[PDB]
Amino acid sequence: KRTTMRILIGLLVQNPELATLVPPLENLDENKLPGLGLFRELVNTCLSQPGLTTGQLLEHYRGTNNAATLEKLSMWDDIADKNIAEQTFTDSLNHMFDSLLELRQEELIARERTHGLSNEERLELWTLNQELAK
């Protein structure tokens, strides 16, 4: 639950164009979920300057007064980039052999259109069709 806010903050700092996908936060009350005030603040800053880059966003956090905040904004950016690199990795792992599966599939289809397929081969084609979900 604490990482939810941190992930949101982090992702938005990494890509401020995501402010675009935040529904309205005005009627919420800040006082109820730690970090929400910060999120709201960034979202507002993002809406007030569309097209922002990460660096341009981080300009609003110069000065001594903002240092503890600038800090967490950068930490959280990194924690988030890792979380999604992790997720890309796990997702790529799952599709590792796709190039190889998707040509046994071509081979089975071609076999099927000229000679046809045995019972086992029909089942394998079916399995490949599930696995290549598009």
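We number the residues from 1 along the sequence you see.
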| query | finding |
| --- | --- |
| Of 36-44 and 68-76, the one with larger mean CA B-factor | 68-76 |
| Per the entry, higher mean C-alpha B factor between 93-101 and 48-56 | 48-56 |
| Residue 7 - Cα temperature factor, lowest/middle/highest third of chain | lowest |
| B-factor third for the C-alpha atom of residue 107 within its chain | middle |
| Residue 30 by Cα B-factor - lowest, middle or highest third of the modelled chain | highest |
